[PDB]
């Protein structure tokens, strides 16, 4: 299964998805510390639920018709793919919904990696090793 490099993942979000620099630096950080950019990363939690893919998204609310709810309306397998489209789409829904309920600019606090590792980073510095000619 595909495991991205950090700068490779950053370049992908820019080239193929035209994400803003603000978006990229946040998603790269989350991806690094949730999964080491491993699209097949999977973690079975204490509540018998599972986190899937590069963004370690949980099947209790977000994926899987058959278990919990399925807000992102996708089989969790779709979040464990070489192609990250659906992972990103579903992550953006999580960010949007969290922000709605949590408050402006708090969208990423839904991710453990963000809360422990990234809200305290200098994410312009963090991206510096990739963004330099």
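Residue numbers count along the first chain shown, from 1.
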95 to 103 versus 48 to 56: which one carries the higher mean Cα B factor per the record? 95 to 103
Report the stretch with the higher mean CA temperature factor, choosing between 15 to 23 and 106 to 114 on the basis of the entry. 15 to 23
Chain thirds of CA B-factor: placement of residue 81: highest
Comparing residue 1 with the other modelled residues of its chain, is its CA B-factor in the lowest, middle or highest third? highest
Would you check the entry's CA temperature factor for residue 130 and let me know if it's in the chain's lowest, middle or highest third? highest
Using the temperature factors of the C-alpha atoms in this entry, rank residue 90 within its chain: lowest, middle or highest third. highest
Comparing residue 37 with the other modelled residues of its chain, is its CA B-factor in the lowest, middle or highest third? lowest
